[PDB]
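I have placed the structure first, in the form of C-alpha cells, so that the comments after it can refer back to it.
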Amino acid sequence: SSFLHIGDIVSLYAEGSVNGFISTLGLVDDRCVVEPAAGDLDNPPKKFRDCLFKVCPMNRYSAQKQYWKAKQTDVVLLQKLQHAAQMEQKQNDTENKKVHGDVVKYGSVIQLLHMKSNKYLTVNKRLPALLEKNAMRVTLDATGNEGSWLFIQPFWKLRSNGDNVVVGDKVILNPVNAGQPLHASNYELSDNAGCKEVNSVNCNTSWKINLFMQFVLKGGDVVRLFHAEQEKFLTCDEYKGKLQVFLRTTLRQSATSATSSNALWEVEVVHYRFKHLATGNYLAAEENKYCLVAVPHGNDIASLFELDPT
Amino acid sequence: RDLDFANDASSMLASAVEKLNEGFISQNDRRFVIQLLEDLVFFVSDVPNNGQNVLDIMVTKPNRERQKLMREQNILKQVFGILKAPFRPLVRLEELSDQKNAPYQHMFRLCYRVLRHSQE
Amino acid sequence: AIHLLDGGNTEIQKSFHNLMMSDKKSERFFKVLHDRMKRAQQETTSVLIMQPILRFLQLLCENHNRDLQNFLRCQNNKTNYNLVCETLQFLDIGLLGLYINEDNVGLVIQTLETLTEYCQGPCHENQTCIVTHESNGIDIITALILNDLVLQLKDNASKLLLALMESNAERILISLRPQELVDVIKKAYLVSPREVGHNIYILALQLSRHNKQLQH
Amino acid sequence: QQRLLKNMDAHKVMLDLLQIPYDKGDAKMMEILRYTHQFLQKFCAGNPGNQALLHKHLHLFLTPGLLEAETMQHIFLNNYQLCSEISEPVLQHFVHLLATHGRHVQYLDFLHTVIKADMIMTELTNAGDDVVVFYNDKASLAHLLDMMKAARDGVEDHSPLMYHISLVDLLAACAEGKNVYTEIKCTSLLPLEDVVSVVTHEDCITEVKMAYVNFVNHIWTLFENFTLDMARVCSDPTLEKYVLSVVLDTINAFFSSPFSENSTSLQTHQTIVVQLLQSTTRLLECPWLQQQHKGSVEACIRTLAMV
C-alpha cells in the first residue's frame, strides 16, 4: 500500500456485484467489459499485458474542442484556431508529462488508458448504452474532449480527501463530466462470451486500480535471454519455411543494440518453463546429437529447461 | 505492447487477405478492414492520434524496432498481399471514384500510405 | 467491585486475591469473566460488560500488585483461564482508522490501559506473553501509535510499549518504521499533543538504546 | 382503549374469570371461556406494558387447551425482549403438551410465533419424529401422495399435511439464519432427495411446493424442478409468489456467492444458468414485472442468463 504514482500500469479487477477483470477485446473493438471467467484478482489470467492501464493527467481540449466544432460546421479564423489548438495540445502534453509518478491525491482527476488501445477510456455523454436499455454509451477515445479522465471516488472512504491513495485501496471511477460513476453491466451478454460492459450510472460497486510490475528473481515476466557464449540471444526465424530457433549473427557492431524483436521469451514457475514469445510456441530439445526446436506449447512435460545460478 | 499489436495485426491481416481472395467482404468486413488499416497507420506513424488527415502523416523518426518488427512480422508482406489480391479480378482500378467502390480505393490508399511510412 | 477499588485500594485487592485462593469458586468466577470475555471476541450490550470487566481487571492489577498479575495470567489452577491473552486478542479484534470511531475509543483506551497495568511493573512473564503472542496485537499497538481521542490512544499505546521494555525492543522495531516514528514525533509537536509527542520521543530513545539507525 | 382498560384494571377480572372453575360439561361455560380468551388476546395488543402484565400471570394462562395456546401465542406476538427471555420451561411444557395431546396445530403455531421475534430446535431434535416427522420414507412417500390426493379440493389445515407444513416452517425459523446446529439438524431430518422427488412431483401442491422451497447433487438437479415450477401460474390468488419470492434469490447467490463451489458444471448447470432465466424473460419484462418480480427480472436478464 503506497501512493498511486501516476503513469504506473494499472488494472481494476472489479469485485462488486460481480467479479471480473475489466478490459476490452483490443484492436478496434469499441467496448469495455469484464471477464469474470477469464481470471481472478488472486489468480491472474494469461495475457497479463491485456490489463496494462497507464495513468495520465486529465486531458485539456478547449482549443481542441473549438477546432472540432469548427470542423463539424470561419475559414479566415481557421488558421488562428489551429495555432491555438496546437498550443493547447502542447500544453496538454506538458501537463501529462508533469504528473508522471504523481501520487493519487484522493479526489484528484486522472484517467486510465489501455496500452493496447493507446487511448483514454471515456463515456459517451449524449449516447445510449450499446446493450443496456437505460444506460449510456462508453468507449475509448484516441485523444478525448476532457471527458476521457474522471475522478477517483474513495470507495473505501478512509484515505483522507486528497491523501495519496494507497495502491489497491477501494476506489471507483466517479464520472467527472457525466456524474454517474462506473457501473458494471449486469446484462447477460450473449454476443460477447462472458461479457459485462461498463456504463455511466449511479451504482453501489466499482473496482480499484492495482499497480503493475516494473520488471530467486522476476517470475512471470517476458524478458530476453542473451547467450554470453555467443554474445547474442537465441531468437526464432522462419527458415526454409519452418520455425527454427538459432542464435542470430547480427552484422551490427553494437551487440547490446540488437533488439531484433525475436528475443521475446516468457518464464513460468512450478513447485522455470520457457515459452517462445516470438512465435507463441514453447522451446524444447530433441535429437539432432541433439538440437533445439519449438512445439505448440509448454504443456508437454518435455519442455522443461534448467537455469543455473551465476 | 508494440509486439502484441503487431501479432494481432498480422493475424487480422491474414484473415482479411484470406477473405478477400476468397470472396466479397460485407459492410462489417469492410469496416473491420478500414479499422485495421487505421490502426496500422497510427502504430506506424507513432504520432498522437489527432484530427490530422489520414494521408497527412509527417513524423520525425519512426520506431526502429517497430519498423523492423513490421518488416519481419509480414506486416509489409501483409500489405503487399492485400494489394495483390485486391487487383486479382477483385478490382479493375477503373470504376473507382464512382460513388460505389470508394471504400476499396480508400483502403488501398491507406495501405499504400502505411507501406510508405514503413519505408521511412 | 469497581467502586470498591477506586484509587487502587490495595486492601481490597488483597481481599479479592485471598478469596479466590481460598474459596473453591475461583475456576467458576473467571469462567463468567472468560465466557463474557469470549462473548465479544466472537461477536467481533456485551461491550458494555467488557468495559467494566477491563476496568475491574486493571483495578485488581493496579499499583503493581504482581501476585494478582500472575494470578490473572496462569492462576496455578487445574484449568487456566488466561485474561491477558484474551484482552490482547480482543484488542486485536492501516485498515483500522475506519474501525476506531466515536463508539469504540473509550473501550480501546480501557483495553490499552489494562494491557499496561498487567505488565507496567517488571512482570517479565506477562511482557513475554504479550510480545510472544500469535495475534499481532504488538503490531496493532504500533498501528495505533503511527496511524482528539486519537491523541489519548497514541499516548496509551506509547505507555504500553514503554511498559513492555522495562528491564522486546527488537520485536517492536519490526513493526514501527523508525523514520515514520520520527515523522509522527515531529508532527505531534504541532490532552495537549506536545506531551504525547514527548512520550513517543521517550519510547524512541528507549528503542534507540537497542538500535543504531534511530541514533542517526 | 388499552390504557383506559389498564386503568380500570379489568385485566384482573378477566384473568379471574379465565381461572374461575368451569365444571366442564356445559357448552355455555366453554363459550364464556373462549370469549374471555378472545377478549384477553384483544387486550394483549402490541403495547409492551400490557404484554408484560399478561405474561406476569403466565402460569394461569399456561394450560393445555386451544384457547390457552392461542392466548399464549398472542401474548408474545412481537415482544422482542419478552420473547428473548422465554424460559426453557415454557418450551419444555409446550413440547410435553404436544406429545401428550398429539397432533395439535395450535401448539405448532405458538412455537413458530415464539421462534420468530436454538432451544426450540434442540428440543425438537430431542422430540424425535413423534411431532416433527419427515415423510421421506418410501412408505412415507406413498402416505404423502395419498394425503396430497385427499387434499385435491383443499388443505384441511389440521390434518397430517398441515402438521408437516408447520414442522417445516418451524425448522426453517430455527435455522432461518446461519445456525450450524439447526441447519445440520434440519438437513439430517430433511433429505434433499425427498424434496426433489416430492416437490418436483406433478401431484405436489402449490403450498407444499412453496414450503419445501422455503425450507431448502440437489442444487444441480433442483434447478429443473424450479424451472418446471416457474410458469405454473402463467401457463391464481397467490400462485406465482410462492416460488419467485425465493427461487431467484438463493439461485443468484449460488450463481454469485461462493457457497456453490461448482460455478461451472454439467449441461444441467452450464446451460440451465444460460437458458432458465430466458424462459422467464417474459416474466422478467412481464406487465406484472414490478417489485420483487421486477428485482428478479433485473437479476435474471442480467445474471441468471449469464452463467
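Residues are referred to by chain and number: the chain letter is A, B, ... according to the order shown in the C-alpha cells, the number counts from 1 in that chain, and ligands are numbered separately from 1 in the order shown.
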Open item on the list: Residues near region 265-277 of chain A, anyone? I mean within 10 Å using only C-alpha atoms, not counting same-chain ones fewer than 4 positions away, as number ranges by chain.
Closed with: A: 218-225, 234-236, 245, 261, 281-284, 294-299, 301, 303-307; B: 3-4
Writing out the chosen residues with N, CA, C and O atoms as a tab-separated table (two decimals), in the first residue's frame:
```
chain	number	residue	atom	x	y	z
A	218	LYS	N	12.70	-12.17	-10.97
A	218	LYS	CA	11.39	-11.92	-11.56
A	218	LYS	C	10.80	-13.22	-12.09
A	218	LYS	O	11.49	-14.04	-12.69
A	219	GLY	N	9.50	-13.40	-11.85
A	219	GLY	CA	8.84	-14.64	-12.20
A	219	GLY	C	8.13	-14.59	-13.54
A	219	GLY	O	8.78	-14.63	-14.59
A	220	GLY	N	6.81	-14.49	-13.52
A	220	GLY	CA	6.03	-14.49	-14.75
A	220	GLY	C	6.16	-13.21	-15.53
A	220	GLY	O	5.20	-12.44	-15.66
A	221	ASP	N	7.36	-12.95	-16.06
A	221	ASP	CA	7.64	-11.77	-16.86
A	221	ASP	C	8.25	-12.19	-18.18
A	221	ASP	O	8.92	-13.22	-18.28
A	222	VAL	N	8.02	-11.38	-19.21
A	222	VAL	CA	8.54	-11.62	-20.55
A	222	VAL	C	9.84	-10.84	-20.69
A	222	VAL	O	9.84	-9.61	-20.68
A	223	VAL	N	10.95	-11.56	-20.83
A	223	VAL	CA	12.27	-10.98	-20.95
A	223	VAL	C	13.01	-11.70	-22.07
A	223	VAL	O	12.47	-12.60	-22.72
A	224	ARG	N	14.26	-11.30	-22.30
A	224	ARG	CA	15.10	-11.88	-23.33
A	224	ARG	C	16.29	-12.59	-22.69
A	224	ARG	O	16.83	-12.12	-21.69
A	225	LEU	N	16.68	-13.72	-23.27
A	225	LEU	CA	17.82	-14.50	-22.80
A	225	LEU	C	18.96	-14.33	-23.80
A	225	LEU	O	18.87	-14.80	-24.94
A	234	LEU	N	19.29	-16.12	-28.48
A	234	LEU	CA	18.77	-17.18	-29.34
A	234	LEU	C	17.34	-16.81	-29.73
A	234	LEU	O	16.42	-16.92	-28.92
A	235	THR	N	17.16	-16.38	-30.98
A	235	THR	CA	15.87	-15.96	-31.48
A	235	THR	C	15.27	-17.09	-32.33
A	235	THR	O	15.82	-18.19	-32.42
A	236	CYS	N	14.13	-16.81	-32.95
A	236	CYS	CA	13.45	-17.76	-33.82
A	236	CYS	C	13.21	-17.12	-35.17
A	236	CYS	O	12.85	-15.95	-35.26
A	245	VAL	N	14.85	-22.22	-34.05
A	245	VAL	CA	15.49	-21.42	-33.01
A	245	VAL	C	16.99	-21.46	-33.23
A	245	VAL	O	17.59	-22.54	-33.30
A	261	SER	N	13.49	-8.03	-31.87
A	261	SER	CA	12.10	-8.36	-31.55
A	261	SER	C	11.85	-9.86	-31.50
A	261	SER	O	10.74	-10.27	-31.15
A	281	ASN	N	4.96	-20.20	-29.44
A	281	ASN	CA	5.17	-21.61	-29.14
A	281	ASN	C	6.06	-21.73	-27.90
A	281	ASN	O	6.34	-20.75	-27.21
A	282	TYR	N	6.51	-22.95	-27.60
A	282	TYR	CA	7.38	-23.21	-26.47
A	282	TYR	C	8.64	-23.92	-26.94
A	282	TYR	O	8.57	-24.82	-27.78
A	283	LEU	N	9.78	-23.52	-26.39
A	283	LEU	CA	11.04	-24.13	-26.76
A	283	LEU	C	11.14	-25.54	-26.19
A	283	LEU	O	10.48	-25.89	-25.20
A	284	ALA	N	11.98	-26.36	-26.81
A	284	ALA	CA	12.23	-27.72	-26.35
A	284	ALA	C	13.48	-28.23	-27.07
A	284	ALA	O	14.03	-27.54	-27.94
A	294	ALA	N	10.86	-25.91	-31.57
A	294	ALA	CA	9.70	-25.25	-30.98
A	294	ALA	C	8.47	-26.12	-31.17
A	294	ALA	O	8.27	-26.71	-32.24
A	295	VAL	N	7.64	-26.19	-30.13
A	295	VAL	CA	6.43	-27.01	-30.14
A	295	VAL	C	5.24	-26.10	-29.85
A	295	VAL	O	5.43	-24.95	-29.43
A	296	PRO	N	4.01	-26.58	-30.04
A	296	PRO	CA	2.85	-25.68	-29.89
A	296	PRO	C	2.79	-24.97	-28.55
A	296	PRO	O	2.41	-23.79	-28.51
A	297	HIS	N	3.14	-25.64	-27.47
A	297	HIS	CA	3.09	-25.03	-26.14
A	297	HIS	C	3.97	-25.82	-25.20
A	297	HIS	O	4.45	-26.91	-25.52
A	298	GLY	N	4.19	-25.25	-24.01
A	298	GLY	CA	4.99	-25.87	-22.98
A	298	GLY	C	4.24	-26.82	-22.07
A	298	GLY	O	4.81	-27.31	-21.10
A	299	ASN	N	2.96	-27.08	-22.36
A	299	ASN	CA	2.20	-28.02	-21.54
A	299	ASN	C	2.89	-29.37	-21.46
A	299	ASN	O	2.89	-30.02	-20.41
A	301	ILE	N	5.47	-32.11	-20.77
A	301	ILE	CA	6.49	-32.17	-19.73
A	301	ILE	C	7.88	-32.06	-20.33
A	301	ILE	O	8.82	-31.62	-19.66
A	303	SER	N	9.08	-30.00	-22.27
A	303	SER	CA	9.50	-28.62	-22.49
A	303	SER	C	10.30	-28.04	-21.32
A	303	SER	O	10.52	-26.83	-21.29
A	304	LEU	N	10.73	-28.87	-20.37
A	304	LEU	CA	11.45	-28.37	-19.21
A	304	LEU	C	12.86	-27.95	-19.58
A	304	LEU	O	13.54	-28.60	-20.38
A	305	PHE	N	13.31	-26.85	-18.98
A	305	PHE	CA	14.66	-26.34	-19.16
A	305	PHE	C	15.23	-25.94	-17.81
A	305	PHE	O	14.49	-25.61	-16.88
A	306	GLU	N	16.56	-25.98	-17.70
A	306	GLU	CA	17.26	-25.76	-16.45
A	306	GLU	C	18.03	-24.45	-16.50
A	306	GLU	O	18.81	-24.22	-17.43
A	307	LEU	N	17.81	-23.60	-15.50
A	307	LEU	CA	18.57	-22.37	-15.32
A	307	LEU	C	19.57	-22.57	-14.18
A	307	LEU	O	19.19	-23.02	-13.10
B	3	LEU	N	4.84	-5.26	-29.92
B	3	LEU	CA	4.92	-6.63	-30.40
B	3	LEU	C	3.55	-7.30	-30.39
B	3	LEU	O	3.17	-7.98	-31.34
B	4	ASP	N	2.79	-7.11	-29.30
B	4	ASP	CA	1.46	-7.70	-29.23
B	4	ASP	C	0.54	-7.11	-30.30
B	4	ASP	O	-0.22	-7.84	-30.95
```
Task: chain C: residues DSSP assigns to helix (DSSP H, G or I), reported as number ranges by chain - done: C: 10-22, 26-37, 46-61, 66-73, 84-92, 105-119, 124-131, 137-146, 149-163, 169-175, 178-188, 193-208
Open item on the list: If we count only C-alpha atoms and set the cut-off at 9 Å, which residues sit around residue 54 (chain B), ignoring sequence neighbours fewer than 2 positions away in its own chain? Please answer as a list in words.
Closed with: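 Selected residues are residues 38, 41, 51, 52, 56, 57, 110 and 113 of chain B.
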TODO: Write out as a PyMOL selection string which residues come within 8 Å of residue 6 (chain B) when counting only C-alpha atoms, dropping same-chain ones fewer than 2 positions away.
DONE: chain B and resi 2-4+8-10+69-70+73+75
- [ ] For region 123-130 of chain D, work out the shell of residues within 8 Å, counting only C-alpha atoms and skipping chain neighbours fewer than 2 positions away, then give it as a PyMOL selection string.
- [x] chain D and resi 91-92+95+99+119-121+132-134+185
- [ ] Tell me which protein, DNA and RNA residues are within 10 Å of residue 226 (chain A), counting only C-alpha atoms, leaving out same-chain ones fewer than 3 positions away, and put them as number ranges by chain.
- [x] A: 223, 229-235, 247, 256, 263
Atoms to include: N, CA, C and O atoms. Write the selected residues as a PDB file, in the first residue's frame.
```
ATOM      1  N   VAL A 223      10.949 -11.563 -20.825  1.00  0.00           N
ATOM      2  CA  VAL A 223      12.275 -10.979 -20.953  1.00  0.00           C
ATOM      3  C   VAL A 223      13.013 -11.702 -22.073  1.00  0.00           C
ATOM      4  O   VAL A 223      12.472 -12.601 -22.724  1.00  0.00           O
ATOM      5  N   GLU A 229      27.827 -16.887 -24.281  1.00  0.00           N
ATOM      6  CA  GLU A 229      28.729 -17.717 -25.073  1.00  0.00           C
ATOM      7  C   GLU A 229      28.793 -17.230 -26.514  1.00  0.00           C
ATOM      8  O   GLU A 229      29.876 -17.148 -27.103  1.00  0.00           O
ATOM      9  N   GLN A 230      27.642 -16.903 -27.099  1.00  0.00           N
ATOM     10  CA  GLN A 230      27.572 -16.358 -28.447  1.00  0.00           C
ATOM     11  C   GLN A 230      27.522 -14.837 -28.466  1.00  0.00           C
ATOM     12  O   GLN A 230      27.479 -14.247 -29.551  1.00  0.00           O
ATOM     13  N   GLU A 231      27.529 -14.190 -27.301  1.00  0.00           N
ATOM     14  CA  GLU A 231      27.454 -12.731 -27.216  1.00  0.00           C
ATOM     15  C   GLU A 231      26.219 -12.207 -27.946  1.00  0.00           C
ATOM     16  O   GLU A 231      26.252 -11.153 -28.585  1.00  0.00           O
ATOM     17  N   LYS A 232      25.122 -12.948 -27.846  1.00  0.00           N
ATOM     18  CA  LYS A 232      23.873 -12.594 -28.508  1.00  0.00           C
ATOM     19  C   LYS A 232      22.748 -13.371 -27.832  1.00  0.00           C
ATOM     20  O   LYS A 232      22.943 -13.986 -26.778  1.00  0.00           O
ATOM     21  N   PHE A 233      21.565 -13.340 -28.439  1.00  0.00           N
ATOM     22  CA  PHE A 233      20.399 -14.044 -27.930  1.00  0.00           C
ATOM     23  C   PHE A 233      19.908 -15.045 -28.967  1.00  0.00           C
ATOM     24  O   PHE A 233      20.085 -14.853 -30.173  1.00  0.00           O
ATOM     25  N   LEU A 234      19.289 -16.119 -28.481  1.00  0.00           N
ATOM     26  CA  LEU A 234      18.767 -17.177 -29.344  1.00  0.00           C
ATOM     27  C   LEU A 234      17.341 -16.810 -29.732  1.00  0.00           C
ATOM     28  O   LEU A 234      16.416 -16.917 -28.923  1.00  0.00           O
ATOM     29  N   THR A 235      17.162 -16.376 -30.976  1.00  0.00           N
ATOM     30  CA  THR A 235      15.868 -15.964 -31.483  1.00  0.00           C
ATOM     31  C   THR A 235      15.272 -17.088 -32.329  1.00  0.00           C
ATOM     32  O   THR A 235      15.824 -18.190 -32.421  1.00  0.00           O
ATOM     33  N   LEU A 247      20.854 -18.764 -32.858  1.00  0.00           N
ATOM     34  CA  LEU A 247      21.485 -17.518 -32.441  1.00  0.00           C
ATOM     35  C   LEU A 247      21.686 -16.626 -33.659  1.00  0.00           C
ATOM     36  O   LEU A 247      22.369 -17.014 -34.613  1.00  0.00           O
ATOM     37  N   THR A 256      24.722  -4.915 -27.775  1.00  0.00           N
ATOM     38  CA  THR A 256      23.624  -4.590 -26.873  1.00  0.00           C
ATOM     39  C   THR A 256      22.464  -3.896 -27.575  1.00  0.00           C
ATOM     40  O   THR A 256      21.378  -3.804 -26.991  1.00  0.00           O
ATOM     41  N   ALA A 263      13.641 -11.776 -29.499  1.00  0.00           N
ATOM     42  CA  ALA A 263      14.154 -12.161 -28.192  1.00  0.00           C
ATOM     43  C   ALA A 263      13.059 -12.205 -27.134  1.00  0.00           C
ATOM     44  O   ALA A 263      13.345 -12.028 -25.944  1.00  0.00           O
TER      45      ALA A 263
END
```
Who sits within 6 Å of region 63-78 of chain C, only C-alpha atoms, same chain under 4 positions skipped, as a PDB file with C-alpha atoms, in the first residue's frame:
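Dumped to result04.pdb:
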```pdb
ATOM      1  CA  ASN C  82      -5.968 -16.577  30.870  1.00  0.00           C
ATOM      2  CA  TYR C 118      -0.736  -6.041  33.742  1.00  0.00           C
ATOM      3  CA  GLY C 121       5.613  -3.325  36.819  1.00  0.00           C
TER       4      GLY C 121
END
```
Kindly provide, as an mmCIF file with C-alpha atoms, in the first residue's frame, the residues of chain C having any atom no farther than 12 Å from an atom of chain A, counting only C-alpha atoms.
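out.cif was written with the following content:
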```cif
data_model
loop_
_atom_site.group_PDB
_atom_site.id
_atom_site.type_symbol
_atom_site.label_atom_id
_atom_site.label_comp_id
_atom_site.auth_asym_id
_atom_site.auth_seq_id
_atom_site.Cartn_x
_atom_site.Cartn_y
_atom_site.Cartn_z
ATOM 1 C CA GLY C 94 -3.598 0.636 8.357
ATOM 2 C CA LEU C 95 -7.144 -0.649 7.868
ATOM 3 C CA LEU C 96 -8.265 0.442 11.341
ATOM 4 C CA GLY C 97 -8.874 4.183 11.024
ATOM 5 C CA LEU C 98 -12.418 3.288 9.990
ATOM 6 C CA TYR C 99 -12.842 0.758 12.831
ATOM 7 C CA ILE C 100 -11.953 3.049 15.762
ATOM 8 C CA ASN C 101 -14.560 5.810 15.982
ATOM 9 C CA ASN C 147 -1.737 5.824 12.016
#
```
Tell me, counting only C-alpha atoms, for each residue of chain A within 7 Å of chain D, which pair of atoms is nearest and how far apart they are in Å to one decimal, in rows ordered by chain and increasing number, as a tab-separated table.
```
residue	atom	partner	partner_atom	distance
A:18	CA	D:256	CA	6.9
A:186	CA	D:302	CA	4.6
A:187	CA	D:302	CA	3.7
A:188	CA	D:302	CA	4.3
A:189	CA	D:306	CA	6.6
```
Open item on the list: Please determine, counting only C-alpha atoms, which residue among A:144, A:291, A:103, A:123 has the shortest atom-to-atom distance to residue 64 (chain A).
Closed with: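 That would be A:144, the residue with the smallest distance to residue 64 (chain A).
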Task: Atom-to-atom span, CA of residue 137 (chain A) and CA of residue 175 (chain A), Å - done: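 Between CA of residue 137 (chain A) and CA of residue 175 (chain A) the gap works out to 12.9 Å.
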TODO: Identify all chain B residues at most 7 Å from chain A by counting only C-alpha atoms; ligands do not count. Present them as a count of residues only.
DONE: 7
Task: Best match for closeness to residue 184 (chain A) among A:196, A:252, A:289, A:170, counting only C-alpha atoms - done: A:196
Open item on the list: Just to confirm, what's the straight-line distance from CA of residue 212 (chain D) to CA of residue 171 (chain D) in Å (one decimal)?
Closed with: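 Separation of CA of residue 212 (chain D) and CA of residue 171 (chain D): 11.2 Å.
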